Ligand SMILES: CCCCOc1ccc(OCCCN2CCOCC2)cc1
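Below sits a lone chain in structure tokens, taken as the form solved without the ligand.
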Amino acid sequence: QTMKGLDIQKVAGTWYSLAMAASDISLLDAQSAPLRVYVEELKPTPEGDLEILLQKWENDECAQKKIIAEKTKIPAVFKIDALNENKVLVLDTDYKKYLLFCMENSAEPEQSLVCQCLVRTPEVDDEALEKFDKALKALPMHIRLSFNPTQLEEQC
């Protein structure tokens, strides 16, 4: 389920990955796991598209990636081809504080679901974790992470 009345142009800017859930532990287990990306910045495009830069631990460095997400019939759902994903769902956001999105493979959504809570500042906002919490309620997550500001300044 996605997000009504979402101007993606208003999410733009630097962001922080506060919480992560995933339907398969193996997706998040170990910092070498896929779908363990760490969002950096949101930069949508005049034509409505959305470009995400983030970090991953691949080799023994914290590599940085850049996914481009083309807009669709649905404002809140985007197409990608990274991390073996092809859907990007924005669940909810007030633009100023937090952003809630998921990633999933349409081929098998259930076993590919990864969801993060994004934050504008690298400080805890429990207000968000709650709305992240209710959002994950119906969602079959078996692994859950969430990071501290000290953690928030660290690379990967």
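The first residue of the sequence shown is number 1, and the count goes up from there.
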item	value
93-101 set against 112-120, stretch whose average Cα temperature factor tops the other in the entry	93-101
Mean C-alpha B-factor comparison - 53-61 and 27-35, higher one	53-61
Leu129 - which third its CA temperature factor falls in, relative to the rest of the chain	highest
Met20, C-alpha B-factor rank within chain (lowest, middle or highest third)	lowest
Third assignment of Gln9 from its chain's C-alpha B-factors	highest
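There is also a form deposited with the ligand bound; it is not shown, and the following applies to it.
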| property | result |
| --- | --- |
| Touches the ligand in the deposited complex: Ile74 (any heavy atom, 4.5 Å) | no |
| Any residue of 39-56 that, in the deposited complex, places a heavy atom within 4.5 Å of the ligand | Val39, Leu42, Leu50, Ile52, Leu54, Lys56 |
